[PDB]
Structures are given as structure tokens and as C-alpha cells.
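Note that the chains are named A, B, C, D and E in the order they appear, and that numbering of residues resets to 1 at the start of each chain.
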Amino acid sequence: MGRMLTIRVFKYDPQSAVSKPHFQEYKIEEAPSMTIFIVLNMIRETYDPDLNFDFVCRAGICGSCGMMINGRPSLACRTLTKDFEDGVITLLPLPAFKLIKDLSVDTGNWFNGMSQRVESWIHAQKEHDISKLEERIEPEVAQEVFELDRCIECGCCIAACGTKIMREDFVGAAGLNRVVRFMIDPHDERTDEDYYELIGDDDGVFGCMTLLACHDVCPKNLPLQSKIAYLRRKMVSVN
Amino acid sequence: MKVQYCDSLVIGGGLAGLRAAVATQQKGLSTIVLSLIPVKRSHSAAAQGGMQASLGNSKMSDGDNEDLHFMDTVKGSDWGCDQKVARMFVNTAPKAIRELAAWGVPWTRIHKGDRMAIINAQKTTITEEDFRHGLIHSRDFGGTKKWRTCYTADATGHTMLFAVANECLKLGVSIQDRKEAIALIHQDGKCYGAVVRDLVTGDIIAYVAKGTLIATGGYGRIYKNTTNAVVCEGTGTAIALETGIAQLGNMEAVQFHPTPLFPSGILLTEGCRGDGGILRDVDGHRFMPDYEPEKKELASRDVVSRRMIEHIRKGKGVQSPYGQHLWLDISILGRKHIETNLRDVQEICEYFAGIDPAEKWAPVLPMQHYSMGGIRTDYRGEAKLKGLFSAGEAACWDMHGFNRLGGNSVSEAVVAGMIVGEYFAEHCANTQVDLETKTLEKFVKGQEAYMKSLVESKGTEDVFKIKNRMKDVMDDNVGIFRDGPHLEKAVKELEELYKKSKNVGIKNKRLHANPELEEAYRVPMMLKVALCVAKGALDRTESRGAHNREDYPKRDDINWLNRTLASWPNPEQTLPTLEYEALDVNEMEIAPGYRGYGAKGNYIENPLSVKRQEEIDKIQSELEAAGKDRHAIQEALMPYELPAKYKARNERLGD
Amino acid sequence: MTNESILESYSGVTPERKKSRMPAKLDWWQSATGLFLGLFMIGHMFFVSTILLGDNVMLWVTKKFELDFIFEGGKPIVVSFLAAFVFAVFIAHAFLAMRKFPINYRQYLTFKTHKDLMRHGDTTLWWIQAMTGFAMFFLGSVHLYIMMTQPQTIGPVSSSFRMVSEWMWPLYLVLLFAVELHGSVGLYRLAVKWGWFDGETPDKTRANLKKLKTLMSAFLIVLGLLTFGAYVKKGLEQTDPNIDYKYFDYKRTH
Amino acid sequence: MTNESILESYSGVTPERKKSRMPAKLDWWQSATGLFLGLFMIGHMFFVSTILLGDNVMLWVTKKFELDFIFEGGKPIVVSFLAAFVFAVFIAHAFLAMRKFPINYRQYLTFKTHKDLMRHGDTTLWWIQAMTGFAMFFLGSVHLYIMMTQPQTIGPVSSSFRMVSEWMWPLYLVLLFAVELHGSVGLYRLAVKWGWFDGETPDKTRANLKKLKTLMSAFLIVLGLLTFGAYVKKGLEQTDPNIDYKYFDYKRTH
Amino acid sequence: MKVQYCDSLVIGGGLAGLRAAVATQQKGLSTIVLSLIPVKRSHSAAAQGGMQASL
């Protein structure tokens, strides 16, 4: 045995004129250490090759497989069927992103847009000579930057955010985190006023309503709550 | 017809492709990067070991330089690498690290003071002087004497990839994802771009450019068990192969990792063994000491994988519904140690294996990990098909030969991105292309017709059943241990599998966002790649680096000091055409000898090697006697080329 | 309209080509007005609960707020100004916070659906904040105007009169839960929004703030119900048709 | 949450792949609730102005609304239900119309600037609609709750009491202009929005509707001020400290 | 260098250019119409006399 799991999946093809949004159910027999990654590929290869979804690393490191699993945006490759005492799992694509088909959405291009919007790169007047010793950096500082640099752009905090769902221009938790990630990096010469020109408006940090769903769903456990508050205190003090 | 033009077309959004795109875009060339997926999700993001570069900052890195890194690389390759390329690489790796540090990559830094470290020879304390404080750190990885593997805590590939991707965004590079190159456009022996299928809309588009670079990664997914992402299927390799002109190098040279989690293949870093991890069998018996009384579990990665399989064949493996495996025990390292230095591996075992490594053992089995083989290029990165370049794991620039050093592959991706990037940029700016619409239309209409044929096929074969059988064949016959009889069987079944792939039928008829149609054209490509790997292994009657032939256990420097070149000139042939490029010993800085790991005298010496060796000792003696530096000596032994922008020496702490 | 406002409206930036600092100011004032009302209400629940200590007790406090140590029997007009002030902050806060409500069918449908799928505590509590806020537009105004215009009718007897005879208890009952849930959740989110107390272990601070929030609410609700019952009980004992309870407390010391 | 609402939220369309009909329903109800309140207020101004005809006059009408021809002295509780009903429509209308307010700094700045540059009558009148609407959140609620909970205090004497002694005149004065301007402009825009009377010469119909709107407002404002003064005057004559004016009118026929 | 390809390039967005673009686009040829100004503002819009045709 292995108990029968009931998998309910959101299906809809916006590019097809005859497609209508609906749920399709599949009956899958659970196996030891079974993840949604295994479940979806089983369905694809043996029950329904039509179903669209996105997996890459299947290790929780790339952020490709975010989706709503029983109401919570999570990484499907890191979600175990065992943790659902009931046997019924409902899968929806991540909201707040453009739907491609079924469980597949475009997170990548929204993130590239956000990265451009907050100028997600080192801003410096001079290029350090790459044939010479690197500029020294305190180890603690390098560790702090790394902590925020761990974001895998999975979109879970974007889809988890009620604010973003209602107001699409909101930069999102990932965008605010990205700003802080450069703010605390000694290599970046931007000042608080420069950052204000990027996110010092109602589609930016002031648009955050502190729902904190972003913090509670981040699969990498970034310190979103304290870091966003930190940014809010700094931006409200500009001028 | 839909046509897109750019000066520089890059196929692949990993470290190699993105870095090359930086190189072309910075000099004003319009460049497009095509990728199956958002670029920051490329396999490069999974690297946790680190990047090899001779900085020589830390105590355990003291005295390290280009020559030491070079020697580790050549001997590691079991002399199958192009030494001139290896030189280009080692001299540029330090600058790659420093450029990345300048771009914000948060490399872990050295702090002054004593440190609790594991050396496994004298696990004493390590002290870092004050003048080393704040510089880029390094750890023990890849089995090198000098610790030169740089890292950003436990997500090196991740931070590196993000920095390069962000630089591309800064520069205005056109990043176009969910776009797959399914064919290369070529005429008169020159590459003018690629035919691309839009994964979302199904549109077939021609991307023309003055130069095209393939940085599509490895082909690990032709194997059932692999550490590779599901997108590492070698289609980039296949499209180059299908031009009938570009050649693939050492496709049979595949490297395995000894401790991936079984059966998922999720990697459990080498740090487990390096820190004191213990491999156990079905009875809980620590077996490595029985095979390697001296080195034990700290033996060469190459050796560990071999012993593990040997132990399993002796009947000491653990039976499982997914196959046999062994155990990795790190609980013995202590709970406190795992939750501070191996907190990542702990999460992996818990998240996917549903176990706490501090209490229970992890199931492991060697699996495919890195692809040394790839598109064959010259030192500039250009393939036999003019205007077509390759870089990264997808290429056979060949700095790896038959065994790549742990930590050298993410290093090569960025380094090649830099070097091949410059040459690629020069080619795109200096060459003039003649774009005939007749040719563009032929290739585009040719692929539209192909997609249509797949959708209308009344075949009865199941694409997944075929793909899965291919993966089983590869794992069972082209793994760690190989022999003629089984390889002949593999080549025959793969050829049969290829022919049946043409009779595949799919259920979903739509041309857009169709994963079934995707498999329909990808599988035949993977099969051709698999044939190059299998046939290459069958014909190479010797044991070199990662290629081990049980029926030919010795390295043959007499008849096999060469590189396998695979091609598919006739679209009708069902087997690859294999030729060989001989390695000129006279152009080697280090003559063939003992590789360091494994049995001694396990190689058929070549007379020419002896001659060269003497010639080297002579040149070194004379020059070294005249008070000549290592640089002048290197030049006299084997001069190599480097773009002007990177011909500068690397400053080090202690000059 | 001014030249500067025209330039900002048409260009999207100030004359110096910078983004307006108004969004920052508005965000600050929204939280400031919120903080004021939240703290005001805590003190309000204590002073109004003095009825539990005895008529003479609250009567004594009521006179202090009317400046007894400065005026004869204390001028109730002092309470009028205090009421007008709080009313003003009440209005300003509603004006600023109203900006955060879902504002169209799409926003309402998608957020409500999201809330139900997520079952996320802090997200659900925000919905409560919004709901209770909207309700107080109607519930709070009634009470504020009365306190501002009939301050001489505040006391152990007079307040009990309005509570029962003038049928103000149904409004007070609903408003009690509305303002207490809104205020406690509001003070909690304010702390995590600006992170004044994050320190070195942010997650621990938030965990404690959440617990504190729940207790504060519990204590105040119960205390509110107790105080509520006291006013009702007394109001239900005022049966003499020849007694002017409304201005009784006032008819003691002018 | 239901399967259908989830599908609509995530797909942007109904299960039949059509756009939701909710926006149409909400638009209808917003206008319907608006029409009701607008007409209700016109009748309200007439019945409340009967004080100008004499105490006995309005007293007679007040008793009719309490079902005199069905109950003894008429049960004021009838007015309570009527008040609760209007209160409900009042709340529903505010809920729906609130969707139209400028909702952020950008919207407020750009619209206000636009209004000042344009000097367009109908655009400016909408701003007035919004302003008066927001104000009534606070002004209207106070009056509605009182009428619903103290119906036995309505009359020529009792109403004058609340107007002056309970200081309700300042609220009534502001509310008078607020609700009249809001209502008249609202009825006007309603006509041009749905074009019920366009006919063959739309521009002429609109020209007349605009004139009508202005007159209706003028007449009602003046009549409102006259009625206002009447209540105040009488309330200012209630000086006997031994008379219970609040429930005087009630103490006549139970 | 910036390059844009189409099968049929039409320079001018007046009656002649736009009608020709209809002719090419309807048969599957990718066509681009370039114009100094939004096409509906072309001089063709000023004709008030009429169009000659033997109906």
C-alpha cells in the first residue's frame, strides 16, 4: 500500500480559445519520501502529458517550482506528500504573475523587470583593477551581504503578498530586500537619497502594509520583517 | 517569416553564456542571450563546493600560484587536456575572482586568528596572520594540496550567477527566456545563427548574428542517475552535432560524484567526507579502509566512486526499490558540528530524504555529475564550423581532459566566458556575414515542417518510455566501470532506440506550450548524444581519467594519447563518425607521467614522453641556473596565447 | 494650484527632478495618528472603567479632567476641546488609512480569496483591521460628537442613563470589540512595521509582540464587558420618573 | 471561498470564460442606493419643515409616520425601523461610492491640480460630491443613530430641545449644506449618467437639468435655513428648569 | 548595430501605404509600416471632395 493521494490541479490555457479554467483530479499512490516534483512527473509521463509546470534543480535552490500548495506558495520540489494528513493536495499556479498555462507562470521576466527597476547591481565610480589584490572587506560584512544575497527569486513572497495581488505595481518583498542587499554592501556607493528615488513612493516601500506573509513563506528564511522595517525607517527620514 | 538580428548571439544563460554576453555587450555589440529558463535558474546556481583560483591569500593557500594550479589541472586530466588552454585558464582564474568580488559577489573573507580546522594528517589549528585579514578565503576542495577553492558560504554558484546576470541587465543585454535553439543555421561552412522555438507560443524564429556561441551546459540527463538539473539534456550539443560539420570532443569522458543522495541525485557536498564523514555498507561496516588502508574515505574522489561500486558488486550493497546503494554517516561528526559547518547538508537530508544526518545515515550512490566532453573548439573557443563558438561545460576547450578538478568547472565557466568572450567579440566585430534569405527560409521552414510532422505522426511509440529506456542503458552500461561486451550491447540498443524515436506519437496536438512536443524533438537529439558517448567509450580501448575499461585497465599513451572527435556528416547514418586528434607531446609543458591517484605503473609509457621529459629537465636546469624566473621558464617550455586584456600578471600577497 | 504642483503633476517629479517626499510624510502621519488613537484608547478604557470602583471614584476622576484644581466645580467644556481634538485625529487617521482599503471588485475578490486560501494569521488580522476601521466610520462618530457636545452629562449616573435610556449600549457593545481588535492589532503591526524593538532576535521579538497583542486584547475586552455591565445595571435601576438623571451628576457642583 | 471564486480570481474570468457581471451589478446598486437617498432627502426636508406651519402641524405628521390610524397614540418604534432601513442604505451607498474616491497621493494631487486648471463646472461638482460624501461619514451617522434610538423624542418641542440644549445645531447646519449639495448634484449626474431624459436634443436636456439642479438646491437650502431657525428659536425659549422638554411631545399620547 | 527585418517594408502610413500593407500582411508576409506621424494623421485625412469611381 501507500495510501491513495488525491491531487487536484488548476488547469487553464489562455492561448486556447476553447479552454476554460477548471480543476482536474488525479489519483496517485504515495511512495516513501515522495515530493510534488515526483508526483507531477508521474502524472506527466503516465496520466496526462498536457499538464504544464516548471522544474529545474529539483533541489530547492533555483526557485523555479513555486506554486500554491493547499493555499500556501511553496517550492514543489521541496514539499513532501507525507506532510498532508488528509491525502488531498490542491495545486494552483502562483498568483500575482502572468499565467502561461496550468501551473506555469512567468516569474523570471517579472524578476528581471524588478532587478532593473531597483538597479540591482554594484554602483561604483571606479573599476578596481582585477590584476591586483581585492579590496578588503570585514568577514562579518561579507556574511551580512550573503544572507540577503541568498534570495533565489522564487516568487513565493510576491504571490503570498495580498498587497501585490491587489496593486500590481508594488515592488514586492523581494524588491525591498534587494535594495537593502546593496544598501549594506560597501562596494555600492549609493546613498539613502539615491535609494529613495527608486523605492521612495507608494509603489515602493510605503506601499507595504506589513502583512508579513512574505516573511512567513520565504523558503530561504530571509529576515524580511526586520529588513523591510529597517528600509522603511531610512526612507521616511530622507530630506 | 520571423527574423531577429543581433551582432552576437549567445545560446545559454549560465555562467559561461552570461559572462560572454557581458564581454560582447560592453564593446557595443548588440547581443541576445537565449535560454530555456530564466537565466538565474541555470544549473550553475547549484554549485556549493566553490571556485578554484590561485589567490594565495590564506595560510593554507600560502605560496600558491599559476604553476601549482596548472600542474594539478594537467595531472588531474590524466594528460588528456590541451595544456596551452589549461595555462590560459590558470592565469585568468585569479582575475575572474577579483572581477566578481568587484561586482559584489560576497566571497567569504579571512579573519585574523586561530581556527578549528580539519587537515586529516594533522587536524591541528590554523592561524591567519593580520595582513591576511579581510582578503578572499579558500577551503580544502578538489583534493589539491594548496587550498585554493574560493566560496560565498554555501551558495557560491548562486551568488556568482546572480552577479553576472545582473551585470547583463545593467548593460542592456537582451535576455530572452523560454526560448530553445533547435537547429543551427549554416552555409558554406559558416554559422549564421540558429532556428529557435518559442516555448510559450510555439513560434519558429530565425536568430541571425555575425557570431554564435553555445554555452548550453552538460548532457548529464542522458543518464538515469545524475546530479544535474532536469534541463541538462545536451540539446545544445546535439544542434552543433546535427550541422554535420562541428565536432564533439571526448563525449565518453563523463565524471561521476561519489556521494549524491540516493535515488534523487541531490548533491551532498564533498565536505561531508572531507570533514570526517564515513561510508558504510549494508552491515554498517566502514569499508573504505579495507580498500584504501592509507587514504581511506579521504582517497581520490575518482577512487571512492570505484570502490563503492566494487563493494556493491561484492554483494555488500543496501537493497532498495530504486536499486542498490550505500550509506553516508556524518552523525559521528557530532550534532554541533553539523549545525554550524554542515547546516546545509542537514536541511537537504531532512527536506528530501526525510532524515536528520545528525542521527541517521544518508543513502548514497555514485552518479553522473560533470560532462568533460562537449563541442570541440580551438583555444579561442571557435568550433570547426566558422563563427560558431562554445564555452563552459558545453565545450571541449579541453582544460579538463579525462578528469576535471573539483572546483575547476565553475571556474572555467567564468574564465572561458571572459577569454572566449573576447575572441568571440573580436570575431563579431571584424567578420562580415552574407545573410541569404533563401537559406534562412530553408532552415525555418524545415523546422516548422518538423514540428508539424511530430504533431501529425501516427506512430505508436511512447516518447517517455523511450527516454527512460535510454537513461537505464546509459547507467547500466556506460557508468564507472565499462567493458567491450556491455558497451557493444549499449550501442546496439541505443541505435535501436534512436530509430524507434522516429515513430513516436503524441496526444496533445497544439503547437504552443506543449511539453509533450518538446520531448518529441529533444529525445532524438539526446539519443544521438548518447550514441557519441557510448560509441566513444566502446572504441577507446584504454583506461584514462574517468573512463575505466575493465578489459583494458591501463592508460595507453602509445595508441591513445589523443582526443575523440565525433561528427554526424550524413543525416542518414545511425551511428556517429569517430576520428582522433593526436596530442603532440612536443607541445606539452608537463610530459605524460603518473597522475598521482590510483595504481602506479598503470600506464603504457610512450617513448616520446621520455624524450620530452629530458628536454624539459634540460631547459629548466639551464634557465634556472642563469637566474631566470618561473615566467621566462614557462615561456621557453610552452608559450600560450591570451587576449591583450588579460595578459597581465596576478599580484599576490607577498610580492 | 501652484506652478510647482502643476510641474509635479505633469512631470511626475518635483522642479528639482526628484520624487516627492509627500508619500513619506503621509506614511509617517498615518502611523502617528494611529499610534495616538491606540494609546488614547488604552487610557480611555481605564478612566471609563473607574465606574467599577464606585460612583464617587469615577466622579472624582471626571472632575479632574474638567480641571478641578483650576476651576470651581470644573468646566466640562474642557472635555469638549479634548473630544474635538480626538475627533480631528480620528478623522485625519481615517482619511490616511482609507488609502489602504481594497478599492474595486477585482481587489476585493482577489484579496478575500487569497485570505481564505492562505489562512495566514497576520494577513487575516489586516482584513479585520480594515473591516473594523470601516465600521467605526459610523460607530465612532456618534460617540465622539455626543462626548464633545454633552460633556456635562458624563458621570456614574448620567452615563448610565445614556447607556440604557437613550439606547447607546448596542452601539457601545459593537464599538467595544471593533475598536479593541482594531487598536491592539494596529499597535502590534505598528511595532513590526517600523521594527522599533527588533533587536538581535527579530523573530523572537515578533513572537512576543503577538502574544502581548492577544493578552492586551483579552484583558481589555473583559474589562470592557465588566465596565459595560456596570453602566447597564445602574442604568436599569433608574426608574423614578421624577428624577433628571441625564444632568444629575452635573447638578452637584455646577 | 468557493471553487468558482477561486477560478475567477486566478483566471480573471468566470468558469464559462466570460467577464464577471459583478461590476455591472455594483454600478447598478450604487446608483440605486444613491437615487433612494436623494429622493428620501427631498421628502425629508418637507416633513421636517412642517415646524414652519405650527407645532400642531408637524405633531400631526409625526404621529402619522408612527401609524396613528393603526395604533393608539402611534408607536415611535415605527420610526426606528424606518431609520434602521435608511441607515442600511446609507451604509451600502457609502460602501459602493467610496470606490470612486481618489485613493493615493498621486491620484489626489493630479486630480486636484486638474480640477483647478480646468475650471470645468461638472468636474468641480464631482469633487464637491466626494468631499461632502466623506464628511457625511461622520455627520450623517450621528443623526441616523439618534433618530433610530430616540424616536419618541421627535416633535415641535422635543426636536427643538436636541437642536439647542444638546447642541445638535452645529452638526445640522453643516450637514444641511453637505447633504443638499451632495444630493442635488448626485441626482443631476444620475440623469446624465443613465440619460433617461436625453431624447432628441441631449444638450438641451442637460442644460435644463443643470438649471433645475441649481434651483432645487437653492429652494431646499433656504427652506432648510428657515426650518433650522424655527427649531433654534423655539429651543432658545425653553428656559424653565422644571420642564422635561426632551420627552414633552411624547408625554401627550403615550 | 540595430537591425529590424520584415518581409515587406512600407514607408508611409497614408491611404496608399496602409492599403499596400493590408495586401502583404493578409498573405502571411510580415510587414512593417514606418511613418513620421501616427498614421491616421496623414494628409489623406484632409480630403473632403471625395473619391472618383464609376459606380
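By definition in this document, a contact is a pair of C-beta atoms (placed from the backbone, for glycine too) under 8 Å apart; a residue touches a chain by one contact, two chains touch by 3 or more.
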Which of A-B and B-E has more C-beta contact pairs: A-B
Euclidean distance of C-alpha centroids - chain A vs chain E, Å: 45
Geometric centre distance via CA averages, chain C-chain B, whole Å: 65
Separation of mean Cα positions, chain C and chain A [Å, integer]: 37
Centre-of-Cα separation between chain D and chain C, whole angstrom: 26
Touching two or more other chains - residues of chain D: 6, 9, 104-105
Chain B residues counted as touching two or more neighbouring chains: none
Overlap residues in chain A, where contacts from two or more other chains coincide: 92, 95, 202
Chains that touch, pairwise: A-B, A-C, A-D, B-E, C-D
Chain A-facing residues of chain D, complex: 3, 6-7, 9-11, 13, 15-17, 104-106
Footprint of chain D on chain C - complex, ascending: 1, 5-6, 8-9, 20, 22-23, 26, 87, 91, 94-95, 98-99, 101, 103-105, 109-110, 112-114, 116-117, 134, 137-139, 141-142, 145-146, 149-150, 166-168, 170-171, 244, 246
Chain E to chain B touching residues, read off their complex: 1-5, 7, 30
In the complex with chain D, residue positions of chain A that touch it: 10, 12, 14, 19-23, 92-93, 95, 99, 202
Footprint of chain C on chain A - complex, ascending: 68, 71-72, 92, 95, 160, 162, 165-167, 196-197, 200-202, 206, 208-213, 216, 223, 225-226, 229-230, 232-233, 235-236, 238-239
